[PDB]
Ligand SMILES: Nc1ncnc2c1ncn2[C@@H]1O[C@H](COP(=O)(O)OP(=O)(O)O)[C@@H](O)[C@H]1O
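There is one chain below, alone, in structure tokens, taken in the form solved without the named molecule.
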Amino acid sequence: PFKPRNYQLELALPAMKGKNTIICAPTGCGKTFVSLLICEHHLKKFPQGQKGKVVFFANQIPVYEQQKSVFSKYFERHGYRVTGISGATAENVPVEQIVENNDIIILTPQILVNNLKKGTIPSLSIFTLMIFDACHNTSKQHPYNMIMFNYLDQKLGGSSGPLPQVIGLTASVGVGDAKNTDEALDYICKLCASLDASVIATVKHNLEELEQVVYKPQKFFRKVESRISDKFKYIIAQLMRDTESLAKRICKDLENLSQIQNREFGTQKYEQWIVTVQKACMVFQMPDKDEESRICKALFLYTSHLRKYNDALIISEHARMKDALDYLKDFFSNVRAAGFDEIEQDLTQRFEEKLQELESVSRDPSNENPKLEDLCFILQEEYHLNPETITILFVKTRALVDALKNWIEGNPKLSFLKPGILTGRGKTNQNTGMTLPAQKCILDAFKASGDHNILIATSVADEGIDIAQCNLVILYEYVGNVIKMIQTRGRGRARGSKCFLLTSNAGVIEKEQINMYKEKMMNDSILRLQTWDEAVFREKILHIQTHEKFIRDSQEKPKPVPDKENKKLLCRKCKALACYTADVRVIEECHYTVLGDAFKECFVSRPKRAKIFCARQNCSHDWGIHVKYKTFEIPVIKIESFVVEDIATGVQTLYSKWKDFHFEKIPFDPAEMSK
């Protein structure tokens, strides 16, 4: 067995006395071993004829798997039964039997929330010890806070039932939105009241060993200037002005559709303005249907082109011009392949007029982003000293990951790097996700003397996922809150590590400095909190809990009533009628389908399975997809592709999700498909 260190025993001492404590310690010091020692001590203390039950909470699937493996390997000699339940192993055996027939259970919090809501698990008195991993998430409406709401409701209710001991592990408690030390202390007291903790455990008497184990890197700040001359922006701005004039020609009241004033090309404000203008122009209703459809389609096309131009400008701001030009070229290829009509022909011709000059400018070596030059210089200088350096690079968007991988591959001066890619799992409109096996494979590859020595990743590599030690951390316009600042800096635990922040905006550096001051405030508040008498702390925590319980008991609100009137669904691009709400059927309360032979004439299928589009020529707006249910193969529609119009009043409305649209939902009937 592994020999515990002195500071690990110091951290575990308050928990071995039966107190609810929060354990704060740097990442990489071995808090999992501390939890193992606490669990071992807890299970052995019960007298003959009595047993204890331990539940461990993890927020991510890989963390859950690793913890289950570690616990099973550790406690198999003692004769304890260890199991785990998650999304991939939930609907197999009843949860109550699994809980009753085991000693140590590893869980994702949502499973326990679901089973507490259904009534499968009537109370938390079955467990004798609860362990929360990354316990700083116990706030607002997190599942951790739902479990703690159940716990606190049982506690402050007069029910004379035993309750488990609660242990939390974290590397940073955070300050919330505190500005001074008093507010930080108030926030930390609130967090302690959330977990019912009366002790905060830190390393005091064995600091030298911890500093010998975990090393804190040095933080640097680099500020660069923007491009002096930008012909790319000039050309795109001229095109954007021409498109705005074309839009104003058709709609004379364009400038009164939004209240945003003094908009500028290539900013988030302009994006918000154009989104609002798009949402305003898709509602216009006029007595003549053909001319209304013409105007609406024209405005749709104009606004879409303006939005794409703004996106290209932003991409060019944060990356090379080649990436923005490729983005525009892909959009224009899709537009050409997506219903070429006279307005689309005009827009495409106007773009091809300036395409040659755009391609000429982006290939000039003297127009490169200064941020890229600074990053290349940093990488060269760092890898010259240590050829065995391991690096991690943090970025904001999924497109930047691919752009920087391409730039690194194509850079003749960075031939010593082997980039790796790490993004999230969810699928976006422009990007596909990453599966768990792919992430695991790339993480296994990314190590010293391996296939990769530099990793480009989004915020997926912030928490939970384990990564080999890095001697270099680089932040590319990457600043968040104090918790994220502590988490990102903790990945460079190798001795002599450095952390760099790269930006061209002074506000980012100012915010990082404010974060560095907030960390000192938090440490001061924690140090002050430990000098109080425990009874006073208990009284304050009880008062906070009582107030919060009263507020949350008074906050509950009811649900309104849906509307039974019939409605029409119209194509969002061309305003053509698609179907009525009387034809809509719901499959298993989560799939929406349209029944009837009239709807089959309003769409066409173009090949996963085939999607469905608007049948009207030159529109081809996306409406949904074909799915398989039992024997039937039926299409499903998306509410965000249609405009909802009332039959009587005639007012048109927009919805983004099916739960916002309140109408009578008739369940799907297999035998109904005969009328």
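Start at 1 and count along the sequence shown; that's the residue number.
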item	value
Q48 preceded by how many uncoordinated deposited residues after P47	none
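Missing here is the form deposited with the named molecule bound; even so, the following discussion is about that form.
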| item | value |
| --- | --- |
| Heavy atom of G28 within 4.5 Å of the named molecule in the deposited complex | yes |
| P4 within 4.5 Å of the named molecule in the deposited complex, heavy atoms | yes |
| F642: touches the named molecule in the deposited complex, heavy atom cutoff 4.5 angstroms | no |
| Close approach of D346 to the named molecule in the deposited complex, 4.5 Å, heavy atom | no |
| Residue among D466, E353, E255, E183 with a heavy atom within 4.5 Å of the named molecule in the deposited complex | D466 |
